[PDB]
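Asker: If you scroll down you'll find the structure; I have some questions about it.
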């Protein structure tokens, strides 16, 4: 069973076995006293026994419940290897049984200690936390970090001490394909509620859940500063934040999206008010996803509107320019004859048949510089031959 | 008023009462078994030993909870009292009433003297101290 630790269960099993053999050895020991005639009861361990005032003379009518405890009291003392000598074997048949019971229990006693050590050697939360602080304190001392920063790094380590975290270096064994489905189950409900992604396609949103990371911030910490360049995009999922007080941030919201879109420095400082869980997204990963979903990108800018006109004009201008820019990149590669450079922007780029602002098919530049090898590849794409620029010329006219 | 549990006086108070925790957890078995009524030679000591554990019952109503979910603080009055009255107020007050005086002035019965073993609970304060040393 996984609910309870298996090492702890193994400890309980050994205790039951040891306490059961003690019970059995107590009943056998009393039998070795009754296997002698009543006239020779003075040669038995209990027949000759005499405690403080009790005599144990008859030994056969002694109110059994106080005849079993005496026998069990002998077995428990021997089992724990204490030894009193008030009760001990006297004749030959009780010495032999004592030798095999003591020898058997000696091996069993050392077996319990071995399993007790294995339980401790696994570790604990305090032991793992203490090791991490040893490295961090040593790391910060050698770099002479400021006292203010030392208060934040040590604060986050105590935060993960209680309320056990994800236990890193363990989930990494999970394959990325399976972990991809795990992210959707957890992070999807929080993302869908943000105003920015209202009406966005499911395919676009799914590409964001895969590449998100989860972080915690203690109250009083600062995530962004006024005038700073924003390099991350944060989605608020838990707690409350206050923007500096000019605004208050609630869960199922996002902040910092203004800076990352209009290239404007961050105008406000975000302050943590209560313990919050934050999902972050990098700048490089965000733009790569946004570029592919060109249709979804327009909706994000439109939803953000509901400087605004300049940002809206820039967003519409950004999507307009990118189509023309990729045409220039292909023509430059064809001009210098770099076959491999243009190969990457054909299978996952733009249409080579398109022309730039002036109008320059790659066949024109290829025919002007006499690059025979590149001409073969353009035939494979079935690029039109009679394409004319705004001059009346033809690609065959340059050759 | 409310006092944050760090201002170099509440910590000195808790460390001062930890000395009484050691005394009252080692002396309780010594009067339950050996003594049978706590003679008058140490009558003042019994009364004096419960004063330090009685002011703390009414001085623990001025603390900070930290709320254990949003680690900022708690300063309201209803939250502090409801927190303490639910966790250990019943057992701290019960282990503070005089049982030696009750036992003798009740037609002495051995049954009513078993309540002294409730006072063994305050050895947990010493155990909590060792946990702080581990961290």
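Going from the start of the chain as shown, residues are counted 1 onward.
The backbone N, Cα and C atoms fix where each Cβ goes, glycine too.
Pulled from Swiss-Prot, these are the listed features:
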| type | residues | note |
| --- | --- | --- |
| TRANSMEM | B:15-35 | transmembrane segment |
| TOPO_DOM | B:36-42 | topological domain 'Extracellular' |
| TRANSMEM | B:43-63 | transmembrane segment |
| TOPO_DOM | B:64-86 | topological domain 'Cytoplasmic' |
| TRANSMEM | B:87-107 | transmembrane segment |
| TOPO_DOM | B:108-113 | topological domain 'Extracellular' |
| TRANSMEM | B:114-134 | transmembrane segment |
Asker: Quickly jot the same-chain residues contacting the transmembrane segment (B:114-134) by Cβ under 8 Å, restricted to those at least six beyond its ends, or write none.
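Answerer: Those are 17-18, 21-22, 24-25, 28-29, 31-32, 53, 91, 94-95, 99, in sequence order.
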Asker: Helix, strand, coil residue numbers for the topological domain 'Cytoplasmic' (B:64-86) per DSSP?
Answerer: 10 helix, 0 strand, 13 coil
Asker: In the same chain, which residue numbers or ranges, 6 or more beyond the ends of the topological domain 'Extracellular' (B:108-113), come under 8 angstroms Cβ to Cβ?
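Answerer: Hits for the topological domain 'Extracellular' (B:108-113): 32, 37, 99, 102.
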Asker: Restricting to the same chain and to residues at least six past its boundaries, which positions have a Cβ under 8 Å from a Cβ of the topological domain 'Extracellular' (B:36-42)?
Answerer: 100, 103-104, 108
Asker: How does the topological domain 'Extracellular' (B:108-113) divide up by DSSP, counting helix, then strand, then coil residues?
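Answerer: Helix/strand/coil tally for the topological domain 'Extracellular' (B:108-113): 3 helix, 0 strand, 3 coil.
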